[PDB]
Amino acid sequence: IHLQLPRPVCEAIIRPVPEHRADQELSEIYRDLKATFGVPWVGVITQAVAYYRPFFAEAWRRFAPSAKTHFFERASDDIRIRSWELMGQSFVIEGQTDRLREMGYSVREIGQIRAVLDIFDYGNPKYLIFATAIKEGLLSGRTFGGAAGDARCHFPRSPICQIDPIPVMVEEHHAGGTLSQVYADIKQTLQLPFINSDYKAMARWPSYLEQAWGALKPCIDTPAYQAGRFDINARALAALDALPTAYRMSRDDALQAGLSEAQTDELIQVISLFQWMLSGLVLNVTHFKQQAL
């Protein structure tokens, strides 16, 4: 009837290691991840995988060569583009700029809000593709990519990037009552046990987040949203298949790296949920950005 991306089962407890808690050793991997993706934040996805640290270190080591490439840059960008395309076609997204002005937001402040949205509009596809690699590698045991056709695919990615500062994020333990209820609403509506970095950064401006989320919420899990989400997911799987450097990181690789059988089961649930989440997050950020046009 319409394409619907099924949410996986996750009973595993999720234990993200935030940047402000990461020890020196973890922080160096975090630094490399941000420098390579060219983003100023470590994804909650990668924070959660990092709990299984030796797996995280090895999976990053193996994925990183592909992430440095022209191919990966383009594949990520094309997902941003597809999202923009879908949401523009399927939804009448009224602009919120006048409404924000009426609330008292100045031109500069709205500019700052846009800039925060741009960070995630750029970065999230990269996280989506990485999460997809981690999940599919664990589930299938397959070796992905490394076909090396067009030589330009292996060229270095477009070199510029913003890696500082970490965006201002209102963590759950920072948050007061009213903000906690918006977080609760987002969690329930999106079927997640965590608050994404994106929403926490928007929450630097609580009345903006309330507005932006309130306009998005009715679109969630409409047929068009759901079909679009499925499409974004398919794009991410297609990118995994075309990685310029082969990626393999199976259960046995996880065991080799020092995970137990039980941790590996747990990790599979954790990454599956994050991977599913990420196609939705891409569409959501696109919606926010188009609202603020």
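Residue positions are given as counts along the sequence shown, with the first one as 1.
Stretches compared: 121-129, 143-151. Higher mean C-alpha B-factor in the entry: 143-151. The mean C-alpha temperature factor is higher for 25-33 when 58-66 and 25-33 are set side by side. Remark: of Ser76, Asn196, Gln162, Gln112, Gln162 shows the highest value [criterion: C-alpha B-factor in the PDB entry].
Within the selection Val42, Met249, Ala227, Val49, the deposited Cα B-factor values reach their highest point at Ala227. Residue-level temperature factors show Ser83 in the lowest third of its chain, judged at the C-alpha atom.
Annotation for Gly214: C-alpha temperature factor in the highest third relative to the rest of the modelled chain, per the entry. Sort the modelled residues of the chain by CA B factor and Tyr105 lands in the middle third. Sort the modelled residues of the chain by CA B factor and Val17 lands in the middle third. When the modelled residues of the chain are ordered by their C-alpha B factor, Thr264 lands in the middle third.
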